[PDB]
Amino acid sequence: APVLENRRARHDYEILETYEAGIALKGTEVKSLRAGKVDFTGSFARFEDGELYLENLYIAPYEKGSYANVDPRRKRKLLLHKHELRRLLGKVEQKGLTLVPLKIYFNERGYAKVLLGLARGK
């Protein structure tokens, strides 16, 4: 169930700020999440248009049996206010920073939320 962070990142990049952003999941995705054999090995977030879609996040699809689910590595959108969103973007694509998946979990109100943060390292 709940809280699973990205241990892959600490030794790779370094966080500047950290935002929290609800994600656009489907439902089975959510079940896969309530479990825990998904990985951020390689996953970061990117703005395809003006919206930010965390990508390469693999979420083992209802992998406690076998089921009739979805594309494990699907570009999942991210939610964040217009103001809270116009920022991070301007502090990034200069290719100096990177949107990397920090932690994942469900909030008080029961919603899976992702935690992102600026990055850089070598």
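All residue numbers refer to positions in the sequence shown, first residue = 1.
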*So 94-102 or 14-22, which one's hotter by mean CA B-factor in the entry?*
94-102
*Take the C-alpha B-factors listed in the entry for 27-35 and for 40-48, compute each mean, and give the stretch with the larger one.*
40-48
*Based on what the PDB entry reports, which of 88, 80, 59, 54 has the top C-alpha B-factor?*
88
*Taking the chain's C-alpha temperature factors as the reference, tell me which third residue 121 falls into: lowest, middle or highest.*
highest
